[PDB]
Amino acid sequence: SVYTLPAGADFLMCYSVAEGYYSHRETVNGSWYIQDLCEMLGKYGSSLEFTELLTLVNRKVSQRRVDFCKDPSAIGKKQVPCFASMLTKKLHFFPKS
């Protein structure tokens, strides 16, 4: 390259939820976000562009609702995750030789 990079470039911040919201979990099987993240990593981690995969994670988490909770006002409530990209290129995890 001819060009310098900003020191803050090529960061990707992947959050379970947008600012100001509660995140959710199954009783003991783990968080909505990490469960769906891991499922998409298992199926697509080695092929899809990572932010393309994080978008699938957003859709999977968006399908869930709170079925049981001690706070009864949380029942039926929802969650969308949020990723913040300062990436400058396509990110793939193709199998390494």
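The first residue of the shown sequence is 1; numbering continues from there. The term rigid core refers to the most C-alpha atoms you can superpose between the two forms while keeping them within 1.5 Å.
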Which stretch is more displaced from the shown form in 4 other deposited structures of this protein, 27 to 35 or 54 to 62, with RMS over structures and residues of Cα positions after a rigid core fit? 27 to 35
So residue 69 is built in this one, but is it left out in a third or more of the other compared PDB entries that include its neighbours? yes
Where do the C-alpha atoms have the higher mean temperature factor in this entry, in 10 to 18 or in 72 to 80? 72 to 80
Is the mean CA B factor in the deposited entry higher across 87 to 95 or across 1 to 9? 1 to 9
At the C-alpha atoms, which of 27, 62, 35, 55 reaches the highest B-factor in this entry? 27
Third assignment of residue 49 from its chain's C-alpha B-factors: lowest
